[PDB]
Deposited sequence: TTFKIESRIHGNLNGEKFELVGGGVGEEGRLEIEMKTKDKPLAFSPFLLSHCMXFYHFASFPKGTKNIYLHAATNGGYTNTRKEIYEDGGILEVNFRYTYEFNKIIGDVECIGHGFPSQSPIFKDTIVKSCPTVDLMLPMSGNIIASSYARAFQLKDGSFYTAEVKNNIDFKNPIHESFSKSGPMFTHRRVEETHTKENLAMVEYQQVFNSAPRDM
């Protein structure tokens, strides 16, 4: 099961517009994607776009169907994210998808504002995005509210953090196998190799609903 991935990220950060285009491939639990800026290099850290660069590619626990792929087969879904950084920077991202045979095309609108001049995203001191574990809650109206804190590791070993919320809006009922009585979690991690002109990343996602050990 290997789908082709296509994406375009557009928007602006602190008033300056940017645009990236690219793609890659995804399978159960892993995706790889490479994107390039158009017209000019990025005016801020490329690591801020790593999470902007497809929930469809997470592996699910036995017994629970992949709700994102299931939705893609009917109506689909959108995801709206808001990241509130500890220094006041706010990143708002809206994910919309279109599907073709064996291919998912993402349209990502990203608006960043309120990042101070001293922010790590301008000092270019971020070296990697740390892993996260998302709490997903099925809610009335075919919505899933997702929440988690995240951190970027900086050159000196310290972290730059944000509190993140996602509103996943499904056109149709979320697959019944996805228990709506309790929450499920998604562990996510990425491997990044970026420059201000060419971004590259591999991402691993795993949905789970029980402790790792016994």
{"query": "Missing C-alpha runs, given along the deposited sequence, first residue counted as 1", "finding": "54, 216"}
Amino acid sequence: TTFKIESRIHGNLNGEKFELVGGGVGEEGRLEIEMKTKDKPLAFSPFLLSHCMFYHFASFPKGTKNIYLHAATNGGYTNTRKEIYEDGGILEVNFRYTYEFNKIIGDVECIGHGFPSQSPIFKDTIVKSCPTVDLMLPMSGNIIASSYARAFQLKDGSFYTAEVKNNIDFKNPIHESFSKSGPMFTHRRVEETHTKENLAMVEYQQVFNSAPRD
From here on, numbers count along this sequence of modelled residues.
property: Between 21-29 and 191-199 (mean CA B-factor, as deposited), the higher; result: 21-29
property: 157-165 versus 37-45 - which carries the larger mean C-alpha B factor in the record; result: 37-45
property: Selection from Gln118, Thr78, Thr98, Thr132 [criterion: highest C-alpha temperature factor in the record]; result: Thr98
property: Per the PDB entry, maximal CA B factor within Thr125, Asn94, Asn142, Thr73; result: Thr73
property: Ranked against its chain, the third holding the CA B-factor of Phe152; result: lowest
property: Relative C-alpha B-factor of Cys52, binned into the chain's lowest, middle or highest third; result: lowest
